[PDB]
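Notes for the one structure printed next.
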Amino acid sequence: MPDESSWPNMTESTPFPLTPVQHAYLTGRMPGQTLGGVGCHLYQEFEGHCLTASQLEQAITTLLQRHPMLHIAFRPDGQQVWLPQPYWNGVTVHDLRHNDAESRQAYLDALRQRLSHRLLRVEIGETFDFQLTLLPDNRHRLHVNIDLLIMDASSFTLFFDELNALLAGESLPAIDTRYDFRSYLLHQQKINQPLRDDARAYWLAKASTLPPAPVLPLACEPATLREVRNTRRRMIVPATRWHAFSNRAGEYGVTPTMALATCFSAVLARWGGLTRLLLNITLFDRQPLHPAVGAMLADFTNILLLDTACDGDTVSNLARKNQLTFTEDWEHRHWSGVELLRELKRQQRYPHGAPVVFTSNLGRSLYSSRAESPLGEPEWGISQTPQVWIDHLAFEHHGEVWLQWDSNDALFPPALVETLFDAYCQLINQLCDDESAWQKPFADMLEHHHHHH
(Lines give C-alpha, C1' and ligand atoms only; values in the text may rest on other atoms or scores of the structure.)
Protein backbone atom coordinates (compact mmCIF):
# COMPACT_ATOMS: atom_id res chain seq x y z
CA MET A 1 0.00 0.00 0.00
CA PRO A 2 2.03 3.07 -1.33
CA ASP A 3 2.24 6.45 0.55
CA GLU A 4 -0.31 8.64 -1.31
CA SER A 5 -2.66 11.64 -0.72
CA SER A 6 -5.83 10.70 1.25
CA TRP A 7 -8.90 10.56 -1.11
CA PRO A 8 -12.23 12.58 -0.85
CA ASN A 9 -15.42 10.77 0.35
CA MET A 10 -16.50 8.30 -2.39
CA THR A 11 -19.29 7.18 0.05
CA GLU A 12 -21.84 9.25 -1.99
CA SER A 13 -24.58 6.55 -1.67
CA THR A 14 -22.80 4.36 0.96
CA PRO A 15 -23.97 4.86 4.69
CA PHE A 16 -21.48 7.30 6.29
CA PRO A 17 -20.96 8.32 10.06
CA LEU A 18 -22.40 11.59 11.49
CA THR A 19 -21.00 15.17 11.22
CA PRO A 20 -17.93 16.25 13.46
CA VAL A 21 -20.59 17.65 15.89
CA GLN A 22 -19.60 15.19 18.70
CA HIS A 23 -22.63 16.56 20.67
CA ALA A 24 -25.06 15.16 18.03
CA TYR A 25 -22.99 11.93 17.67
CA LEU A 26 -23.03 11.40 21.50
CA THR A 27 -26.85 11.90 21.61
CA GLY A 28 -27.54 9.45 18.74
CA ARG A 29 -24.99 6.70 19.59
CA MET A 30 -25.66 6.89 23.40
CA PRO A 31 -29.50 7.35 23.87
CA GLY A 32 -31.13 7.36 27.33
CA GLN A 33 -29.00 10.22 28.78
CA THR A 34 -31.53 11.25 31.42
CA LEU A 35 -30.51 14.83 32.44
CA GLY A 36 -30.75 15.65 28.72
CA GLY A 37 -34.48 14.74 28.59
CA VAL A 38 -33.61 11.02 27.88
CA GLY A 39 -33.10 11.97 24.15
CA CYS A 40 -33.21 14.81 21.56
CA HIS A 41 -37.01 14.58 21.03
CA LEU A 42 -38.89 17.80 20.13
CA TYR A 43 -42.45 18.25 18.83
CA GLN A 44 -43.64 20.95 16.40
CA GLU A 45 -47.47 21.32 16.50
CA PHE A 46 -48.80 24.06 14.18
CA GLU A 47 -52.39 25.21 14.92
CA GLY A 48 -54.02 26.70 11.78
CA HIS A 49 -55.12 25.78 8.21
CA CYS A 50 -52.56 24.28 5.73
CA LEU A 51 -54.46 21.64 3.63
CA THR A 52 -56.44 18.32 3.89
CA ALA A 53 -55.19 14.96 5.35
CA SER A 54 -55.00 13.08 1.99
CA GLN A 55 -53.29 16.11 0.30
CA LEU A 56 -50.70 16.31 3.16
CA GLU A 57 -50.02 12.55 3.16
CA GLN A 58 -49.63 12.44 -0.68
CA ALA A 59 -47.32 15.53 -0.46
CA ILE A 60 -44.98 13.56 1.88
CA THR A 61 -44.97 10.64 -0.62
CA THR A 62 -44.07 13.05 -3.50
CA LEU A 63 -41.19 14.85 -1.61
CA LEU A 64 -39.73 11.47 -0.44
CA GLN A 65 -40.06 10.17 -4.08
CA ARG A 66 -37.54 12.98 -4.85
CA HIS A 67 -34.16 13.33 -2.95
CA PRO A 68 -34.13 16.57 -0.78
CA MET A 69 -30.92 17.11 1.35
CA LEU A 70 -32.86 16.41 4.64
CA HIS A 71 -33.93 12.82 3.51
CA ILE A 72 -31.47 11.58 6.19
CA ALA A 73 -32.26 8.84 8.77
CA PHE A 74 -30.16 7.80 11.82
CA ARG A 75 -29.13 4.12 11.97
CA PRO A 76 -27.93 2.96 15.54
CA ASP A 77 -24.58 1.68 14.05
CA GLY A 78 -23.44 5.38 14.26
CA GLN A 79 -24.00 5.92 10.49
CA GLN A 80 -26.55 8.30 8.96
CA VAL A 81 -28.30 6.83 5.86
CA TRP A 82 -29.88 9.07 3.17
CA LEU A 83 -32.45 7.01 1.12
CA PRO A 84 -33.75 8.25 -2.35
CA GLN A 85 -36.74 5.88 -1.75
CA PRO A 86 -40.10 7.02 -0.15
CA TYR A 87 -40.18 4.89 3.04
CA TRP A 88 -43.77 5.56 4.29
CA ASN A 89 -46.12 8.42 5.41
CA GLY A 90 -47.49 7.24 8.82
CA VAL A 91 -50.01 10.16 8.96
CA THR A 92 -52.65 9.31 11.65
CA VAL A 93 -55.67 11.71 11.65
CA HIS A 94 -57.43 12.73 14.92
CA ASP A 95 -61.18 13.49 14.69
CA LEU A 96 -61.96 16.48 16.96
CA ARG A 97 -64.00 18.36 14.30
CA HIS A 98 -66.53 15.56 13.67
CA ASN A 99 -66.27 14.37 17.31
CA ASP A 100 -67.02 15.89 20.77
CA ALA A 101 -64.85 18.13 23.09
CA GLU A 102 -64.18 14.88 25.08
CA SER A 103 -62.36 13.45 22.00
CA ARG A 104 -60.05 16.53 22.08
CA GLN A 105 -59.05 15.93 25.74
CA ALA A 106 -58.72 12.16 24.97
CA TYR A 107 -56.29 12.61 22.02
CA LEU A 108 -54.07 15.45 23.47
CA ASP A 109 -53.58 13.46 26.74
CA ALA A 110 -53.00 10.12 24.93
CA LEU A 111 -50.41 11.62 22.50
CA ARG A 112 -48.53 13.33 25.43
CA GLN A 113 -47.87 9.97 27.23
CA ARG A 114 -47.35 8.27 23.84
CA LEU A 115 -44.76 10.92 22.74
CA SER A 116 -42.78 10.40 25.99
CA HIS A 117 -42.75 6.55 25.51
CA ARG A 118 -42.86 6.41 21.62
CA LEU A 119 -40.68 3.54 20.31
CA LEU A 120 -39.15 5.17 17.18
CA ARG A 121 -38.09 3.07 14.11
CA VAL A 122 -34.54 4.46 14.80
CA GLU A 123 -33.98 0.71 15.66
CA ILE A 124 -33.49 0.11 11.87
CA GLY A 125 -32.74 3.73 10.84
CA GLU A 126 -35.73 5.40 9.15
CA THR A 127 -38.03 7.02 11.77
CA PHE A 128 -40.69 9.74 11.78
CA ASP A 129 -43.98 10.43 13.62
CA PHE A 130 -46.92 12.34 12.06
CA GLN A 131 -49.99 13.15 14.19
CA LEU A 132 -52.45 15.25 12.13
CA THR A 133 -55.15 16.66 14.45
CA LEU A 134 -58.38 17.83 12.71
CA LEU A 135 -59.80 20.65 14.96
CA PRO A 136 -63.48 22.00 14.85
CA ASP A 137 -64.33 25.09 12.67
CA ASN A 138 -62.26 23.81 9.64
CA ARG A 139 -58.98 24.11 11.69
CA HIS A 140 -56.02 21.66 11.87
CA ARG A 141 -52.90 20.96 13.96
CA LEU A 142 -49.83 19.32 12.32
CA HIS A 143 -48.13 17.65 15.31
CA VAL A 144 -44.80 16.13 14.14
CA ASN A 145 -42.60 14.24 16.69
CA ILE A 146 -38.94 13.32 15.85
CA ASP A 147 -35.76 12.24 17.74
CA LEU A 148 -32.84 11.96 15.19
CA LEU A 149 -30.56 14.00 12.83
CA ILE A 150 -33.43 14.75 10.30
CA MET A 151 -34.34 17.86 12.41
CA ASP A 152 -32.25 21.03 12.94
CA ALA A 153 -32.55 24.88 12.67
CA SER A 154 -31.09 24.62 9.11
CA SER A 155 -33.29 21.59 8.17
CA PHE A 156 -36.42 23.37 9.58
CA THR A 157 -35.84 26.63 7.59
CA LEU A 158 -35.24 24.49 4.46
CA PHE A 159 -38.41 22.42 5.13
CA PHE A 160 -40.92 25.26 5.91
CA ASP A 161 -39.85 27.31 2.83
CA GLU A 162 -40.45 24.38 0.38
CA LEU A 163 -43.52 23.39 2.49
CA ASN A 164 -45.59 26.66 2.25
CA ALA A 165 -44.79 26.81 -1.53
CA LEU A 166 -46.13 23.23 -1.94
CA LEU A 167 -49.22 24.05 0.28
CA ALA A 168 -50.07 27.05 -1.97
CA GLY A 169 -49.40 24.86 -5.06
CA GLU A 170 -46.53 27.20 -6.05
CA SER A 171 -43.75 25.67 -8.20
CA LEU A 172 -40.46 27.18 -6.88
CA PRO A 173 -37.09 27.55 -8.82
CA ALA A 174 -35.83 23.89 -8.73
CA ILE A 175 -32.99 23.60 -6.16
CA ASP A 176 -29.90 21.43 -6.86
CA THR A 177 -31.00 18.33 -4.85
CA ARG A 178 -27.71 16.46 -5.75
CA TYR A 179 -26.13 17.66 -2.42
CA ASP A 180 -26.51 15.60 0.80
CA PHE A 181 -24.39 15.51 4.02
CA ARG A 182 -21.95 13.20 2.08
CA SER A 183 -21.19 16.21 -0.26
CA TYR A 184 -20.35 18.44 2.75
CA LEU A 185 -18.21 15.74 4.54
CA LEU A 186 -16.52 15.08 1.13
CA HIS A 187 -14.94 18.56 1.09
CA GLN A 188 -14.64 19.10 4.90
CA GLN A 189 -12.69 15.87 5.63
CA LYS A 190 -10.59 16.56 2.49
CA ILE A 191 -9.55 20.08 3.76
CA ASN A 192 -9.35 18.59 7.32
CA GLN A 193 -6.19 16.73 6.17
CA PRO A 194 -3.96 19.99 6.43
CA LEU A 195 -6.42 22.46 8.18
CA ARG A 196 -7.02 20.21 11.31
CA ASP A 197 -3.54 21.47 12.40
CA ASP A 198 -4.99 25.02 12.73
CA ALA A 199 -8.41 23.69 13.87
CA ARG A 200 -6.88 21.90 16.86
CA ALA A 201 -4.23 24.63 17.59
CA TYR A 202 -6.54 27.71 17.96
CA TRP A 203 -9.43 25.71 19.61
CA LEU A 204 -6.75 24.28 22.06
CA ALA A 205 -5.63 27.91 22.79
CA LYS A 206 -9.15 28.53 24.19
CA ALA A 207 -9.25 24.94 25.63
CA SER A 208 -6.26 26.03 27.81
CA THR A 209 -7.82 29.46 28.69
CA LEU A 210 -11.37 28.34 29.85
CA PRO A 211 -11.94 26.95 33.50
CA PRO A 212 -14.03 23.89 34.80
CA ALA A 213 -17.45 23.75 32.98
CA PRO A 214 -20.21 25.63 35.05
CA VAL A 215 -20.78 24.06 38.52
CA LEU A 216 -24.53 24.51 39.16
CA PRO A 217 -26.18 22.57 42.09
CA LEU A 218 -28.02 19.39 41.02
CA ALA A 219 -30.73 18.35 43.58
CA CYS A 220 -29.57 14.71 43.11
CA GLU A 221 -27.16 12.73 40.84
CA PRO A 222 -28.43 12.34 37.12
CA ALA A 223 -27.20 8.69 37.41
CA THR A 224 -30.06 7.93 39.89
CA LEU A 225 -32.68 10.07 38.03
CA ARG A 226 -34.22 7.98 35.20
CA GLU A 227 -37.40 10.05 34.83
CA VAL A 228 -37.03 13.82 34.26
CA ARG A 229 -39.75 16.50 33.85
CA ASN A 230 -39.39 19.29 31.24
CA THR A 231 -40.37 22.66 32.79
CA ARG A 232 -40.35 25.42 30.11
CA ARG A 233 -41.51 28.93 31.15
CA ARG A 234 -42.84 31.38 28.51
CA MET A 235 -42.65 35.20 29.04
CA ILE A 236 -43.99 38.03 26.81
CA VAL A 237 -42.37 41.26 28.15
CA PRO A 238 -43.34 44.76 26.66
CA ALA A 239 -41.64 45.49 23.29
CA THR A 240 -40.45 48.92 24.60
CA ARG A 241 -38.33 47.54 27.55
CA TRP A 242 -36.59 44.78 25.53
CA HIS A 243 -35.93 46.90 22.38
CA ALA A 244 -34.84 49.85 24.62
CA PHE A 245 -31.98 47.63 25.95
CA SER A 246 -31.46 46.30 22.36
CA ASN A 247 -31.24 49.97 21.21
CA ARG A 248 -29.04 50.77 24.29
CA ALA A 249 -26.68 47.86 23.34
CA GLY A 250 -26.60 48.76 19.62
CA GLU A 251 -25.92 52.38 20.70
CA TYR A 252 -23.17 51.23 23.12
CA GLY A 253 -21.36 49.46 20.21
CA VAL A 254 -22.24 45.78 20.87
CA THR A 255 -24.77 43.34 19.33
CA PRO A 256 -28.47 44.10 20.40
CA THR A 257 -29.75 40.46 20.27
CA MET A 258 -26.54 38.91 21.74
CA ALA A 259 -26.34 41.47 24.63
CA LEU A 260 -29.88 40.69 25.98
CA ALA A 261 -29.48 36.88 25.85
CA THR A 262 -25.87 36.81 27.20
CA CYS A 263 -26.84 39.07 30.19
CA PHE A 264 -29.53 36.53 31.30
CA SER A 265 -27.62 33.33 30.43
CA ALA A 266 -24.12 34.27 31.77
CA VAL A 267 -25.38 35.70 35.15
CA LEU A 268 -27.66 32.61 35.66
CA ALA A 269 -24.74 30.12 35.28
CA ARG A 270 -22.10 32.50 36.84
CA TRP A 271 -23.84 32.18 40.28
CA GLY A 272 -21.95 28.82 40.73
CA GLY A 273 -18.81 31.01 41.22
CA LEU A 274 -17.63 31.03 37.55
CA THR A 275 -16.19 34.52 36.78
CA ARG A 276 -14.85 32.85 33.59
CA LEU A 277 -17.48 30.68 31.80
CA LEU A 278 -17.93 29.32 28.23
CA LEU A 279 -21.45 30.31 27.02
CA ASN A 280 -22.87 28.50 23.94
CA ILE A 281 -24.51 30.78 21.34
CA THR A 282 -26.27 29.34 18.25
CA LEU A 283 -24.79 31.27 15.26
CA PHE A 284 -26.00 31.06 11.65
CA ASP A 285 -23.11 30.77 9.14
CA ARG A 286 -24.00 29.20 5.75
CA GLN A 287 -20.73 28.41 3.90
CA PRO A 288 -21.41 28.89 0.08
CA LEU A 289 -18.34 26.67 -0.72
CA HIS A 290 -20.29 25.16 -3.69
CA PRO A 291 -23.03 27.21 -5.64
CA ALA A 292 -25.82 24.70 -4.69
CA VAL A 293 -24.97 24.98 -0.93
CA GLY A 294 -25.46 28.78 -1.29
CA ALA A 295 -29.20 28.05 -1.96
CA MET A 296 -29.97 24.87 0.12
CA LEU A 297 -29.77 24.85 3.95
CA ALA A 298 -27.45 22.01 5.11
CA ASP A 299 -24.52 23.94 6.64
CA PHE A 300 -25.95 26.90 8.64
CA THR A 301 -26.26 25.91 12.33
CA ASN A 302 -22.72 26.47 13.77
CA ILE A 303 -22.47 26.86 17.59
CA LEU A 304 -19.94 29.17 19.30
CA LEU A 305 -18.23 29.12 22.78
CA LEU A 306 -17.83 32.70 24.10
CA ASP A 307 -16.01 32.70 27.48
CA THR A 308 -17.07 35.66 29.68
CA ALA A 309 -14.11 37.46 31.37
CA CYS A 310 -16.09 38.52 34.48
CA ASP A 311 -19.52 39.42 35.89
CA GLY A 312 -20.44 41.83 38.69
CA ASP A 313 -18.47 44.67 37.01
CA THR A 314 -19.38 47.84 34.96
CA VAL A 315 -21.04 47.23 31.50
CA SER A 316 -17.86 48.73 29.89
CA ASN A 317 -15.57 45.79 30.84
CA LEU A 318 -18.28 43.10 30.38
CA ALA A 319 -19.63 44.09 26.92
CA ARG A 320 -16.16 45.00 25.46
CA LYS A 321 -14.57 41.65 26.56
CA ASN A 322 -17.48 39.55 25.15
CA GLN A 323 -17.50 41.59 21.88
CA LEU A 324 -13.65 41.33 21.50
CA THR A 325 -13.54 37.55 22.16
CA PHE A 326 -16.60 37.08 19.81
CA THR A 327 -14.47 38.69 17.03
CA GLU A 328 -11.79 36.01 17.74
CA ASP A 329 -14.61 33.37 17.60
CA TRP A 330 -15.72 34.95 14.28
CA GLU A 331 -12.29 33.73 13.00
CA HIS A 332 -13.18 30.34 14.65
CA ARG A 333 -16.29 30.05 12.37
CA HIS A 334 -13.99 27.78 10.20
CA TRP A 335 -15.21 24.80 12.34
CA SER A 336 -17.81 24.16 15.09
CA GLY A 337 -17.33 25.16 18.77
CA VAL A 338 -17.91 21.43 19.60
CA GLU A 339 -14.14 20.81 18.84
CA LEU A 340 -13.19 23.29 21.64
CA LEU A 341 -15.46 21.41 24.13
CA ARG A 342 -14.20 18.08 22.69
CA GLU A 343 -10.67 19.26 23.63
CA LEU A 344 -11.97 20.27 27.15
CA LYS A 345 -13.38 16.71 27.77
CA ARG A 346 -9.95 15.34 26.57
CA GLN A 347 -8.31 17.59 29.23
CA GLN A 348 -11.04 16.07 31.52
CA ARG A 349 -11.60 19.54 33.16
CA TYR A 350 -15.41 19.08 33.05
CA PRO A 351 -17.53 18.73 36.32
CA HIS A 352 -20.69 18.76 34.10
CA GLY A 353 -19.26 19.04 30.53
CA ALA A 354 -22.23 21.02 29.10
CA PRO A 355 -22.57 24.87 28.81
CA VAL A 356 -25.77 26.99 28.69
CA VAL A 357 -27.15 27.13 25.11
CA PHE A 358 -29.05 30.27 24.00
CA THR A 359 -30.21 31.93 20.77
CA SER A 360 -31.66 35.46 20.46
CA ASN A 361 -33.52 36.04 17.17
CA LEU A 362 -35.57 39.26 17.06
CA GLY A 363 -36.95 40.94 13.92
CA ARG A 364 -39.29 38.03 13.05
CA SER A 365 -42.72 38.17 11.31
CA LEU A 366 -45.02 40.63 13.22
CA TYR A 367 -48.04 38.30 12.66
CA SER A 368 -46.91 34.74 13.52
CA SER A 369 -45.59 33.84 17.03
CA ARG A 370 -42.69 32.10 15.18
CA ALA A 371 -41.45 33.31 11.71
CA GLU A 372 -40.30 29.78 10.74
CA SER A 373 -44.01 28.73 10.87
CA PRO A 374 -46.11 30.57 8.13
CA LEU A 375 -48.90 27.88 7.83
CA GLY A 376 -49.75 27.50 11.56
CA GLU A 377 -49.12 28.93 15.07
CA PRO A 378 -46.75 26.40 16.83
CA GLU A 379 -46.95 25.74 20.60
CA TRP A 380 -43.75 26.07 22.72
CA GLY A 381 -42.05 22.62 22.99
CA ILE A 382 -39.08 20.77 24.57
CA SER A 383 -35.36 21.61 23.98
CA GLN A 384 -33.85 19.59 26.93
CA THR A 385 -31.35 17.43 24.96
CA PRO A 386 -28.12 15.44 26.05
CA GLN A 387 -26.11 18.40 24.57
CA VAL A 388 -28.35 21.27 25.94
CA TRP A 389 -28.77 21.15 29.78
CA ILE A 390 -30.24 24.72 30.07
CA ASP A 391 -32.31 26.10 27.15
CA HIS A 392 -32.85 29.85 26.40
CA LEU A 393 -34.81 30.41 23.11
CA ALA A 394 -35.91 34.00 22.27
CA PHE A 395 -38.76 34.67 19.75
CA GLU A 396 -40.65 37.75 18.41
CA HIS A 397 -44.34 38.46 17.64
CA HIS A 398 -46.02 41.94 17.14
CA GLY A 399 -42.59 43.46 18.07
CA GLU A 400 -42.95 41.81 21.53
CA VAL A 401 -40.41 39.17 22.64
CA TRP A 402 -41.55 35.63 23.53
CA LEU A 403 -38.95 34.11 25.93
CA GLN A 404 -38.77 30.29 26.21
CA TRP A 405 -36.54 28.69 28.93
CA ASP A 406 -36.68 24.84 29.19
CA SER A 407 -35.01 23.24 32.25
CA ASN A 408 -34.92 19.91 34.16
CA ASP A 409 -37.59 20.31 36.93
CA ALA A 410 -36.13 17.33 38.83
CA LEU A 411 -32.78 19.22 39.42
CA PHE A 412 -33.38 22.99 39.01
CA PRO A 413 -35.55 24.58 41.84
CA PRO A 414 -37.69 27.50 40.29
CA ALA A 415 -36.85 29.89 43.24
CA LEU A 416 -33.10 29.71 42.41
CA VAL A 417 -33.70 30.62 38.73
CA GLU A 418 -36.22 33.40 39.68
CA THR A 419 -33.66 35.00 42.10
CA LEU A 420 -31.22 35.25 39.14
CA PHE A 421 -34.07 36.35 36.82
CA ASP A 422 -34.98 39.05 39.46
CA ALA A 423 -31.44 40.33 38.86
CA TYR A 424 -31.94 40.34 35.04
CA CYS A 425 -35.42 42.01 35.31
CA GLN A 426 -34.09 44.93 37.43
CA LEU A 427 -30.90 45.03 35.28
CA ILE A 428 -32.65 45.46 31.89
CA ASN A 429 -35.06 48.06 33.38
CA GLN A 430 -32.23 50.09 35.04
CA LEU A 431 -29.83 49.95 32.04
CA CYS A 432 -32.38 50.49 29.19
CA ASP A 433 -33.94 53.61 30.84
CA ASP A 434 -30.79 54.90 32.66
CA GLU A 435 -27.05 55.07 31.80
CA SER A 436 -26.55 55.16 35.64
CA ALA A 437 -26.53 51.29 35.56
CA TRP A 438 -23.43 51.48 33.24
CA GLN A 439 -21.25 52.97 36.05
CA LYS A 440 -22.88 50.63 38.65
CA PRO A 441 -21.32 47.15 39.34
CA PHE A 442 -23.69 44.32 38.18
CA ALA A 443 -22.78 42.57 41.53
CA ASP A 444 -25.30 45.00 43.14
CA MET A 445 -28.05 43.48 40.94
CA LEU A 446 -27.60 39.62 41.38
CA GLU A 447 -25.58 39.09 44.63
CA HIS A 448 -27.26 42.03 46.43
CA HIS A 449 -31.08 42.03 46.93
CA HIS A 450 -33.58 43.51 49.54
CA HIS A 451 -34.18 46.29 46.94
CA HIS A 452 -30.31 46.86 46.87
CA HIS A 453 -29.78 50.66 47.32
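Listing for the model above:
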read-out	value
Residues being touching a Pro at 6+ places or on another chain (Cβ under 9 Å) and touching a residue at least 60 places away in the same chain (Cβ under 8 Å) - total across the range 14-30	5
Positions within the range 378-425 being small (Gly, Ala, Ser) and in contact (Cβ under 8 Å) with a residue 12 or more places away in the chain, in sequence order	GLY381, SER383, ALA394, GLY399, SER407, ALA410, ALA423
Check on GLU4, surrounded by fewer than 13 Cβ atoms within 10 Å (Cβ to Cβ) and part of a loop (DSSP other than H, G, I, E, B)	yes
Sole exception among (1) under 26 Å from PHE16 (Cβ atoms); (2) of a type outside the set (A, V, I, L, M, F, W, C); (3) in contact with a strand residue (DSSP E or B) (Cβ under 6 Å, 6 or more places away or on another chain) for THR133, by number	(1)
Which numbered condition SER116 fails, given (1) under 30 Å from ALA269 (Cα atoms); (2) surrounded by 20 or more Cβ atoms within 10 Å (Cβ to Cβ)	(2)
Exclusive hit being of a type in the set (A, V, I, L, M, F, W, C) and assigned to a helix (DSSP H, G or I), set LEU218, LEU204, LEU225	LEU204
Test result for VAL91, in contact with a helix residue (DSSP H, G or I) (Cβ under 8 Å, 6 or more places away or on another chain) and either touching a residue at least 24 places away in the same chain (Cβ under 8 Å) or more than 18 Å from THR61 (Cα to Cα) (or both)	yes
Residue within the range 46-62 that is part of a loop (DSSP other than H, G, I, E, B), in the same structural domain as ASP147 (by CATH) and closer than 30 Å to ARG229 by Cβ present	no
Where a residue in the range 115-143 is assigned by CATH to the domain that holds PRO31 and closer than 16 Å to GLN44 by Cβ and its partner, wherever it lies, is outside any strand (DSSP E or B) and small (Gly, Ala, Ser), with Cβ under 7 Å and at least six apart	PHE128/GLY90; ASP129/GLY90; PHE130/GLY90; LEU132/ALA53
Of all residues making up the range 257-300, the number that are within 19 Å of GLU328 (Cα to Cα), out of contact with any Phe, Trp or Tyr (no Cβ under 7 Å at 6 or more places or on another chain) and of a type in the set (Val, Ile, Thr)	3
Restricting the range 301-350 to residues that are in contact (Cβ under 8 Å) with a residue 40 or more places away in the chain, among the aliphatic types (A, V, I, L, M) and part of a strand (DSSP E or B), the residue that is nearest to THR282 (Cα to Cα)	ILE303
Residue match in the range 141-156 (condition: within 24 Å of the chain's Cα centre (by Cα), of a type in the set (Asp, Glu), surrounded by 18 or more Cβ atoms within 10 Å (Cβ to Cβ) and under 19 Å from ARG370 (Cβ atoms))	yes
Pair list, Cβ < 6 Å and 6+ apart or interchain, from the range 228-248 residues that are assigned to a loop (DSSP other than H, G, I, E, B) to residues that are of a type in the set (S, T, N, Q)	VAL228/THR34; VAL228/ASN408
Qualifying residue in the range 159-177 (condition: of a type in the set (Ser, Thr, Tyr) and touching a residue at least 40 places away in the same chain (Cβ under 8 Å))	yes
Residue match in the range 76-87 (condition: surrounded by 15 or more Cβ atoms within 10 Å (Cβ to Cβ), in a helix (DSSP H, G or I) and in contact (Cβ under 8 Å) with a residue 12 or more places away in the chain)	no
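What is reported rests on the model, the rules as stated and the sources as named; none is laboratory data. FYI the Cβ positions are ideal-geometry reconstructions off the backbone, even for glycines, and counts take in every protein chain you see.
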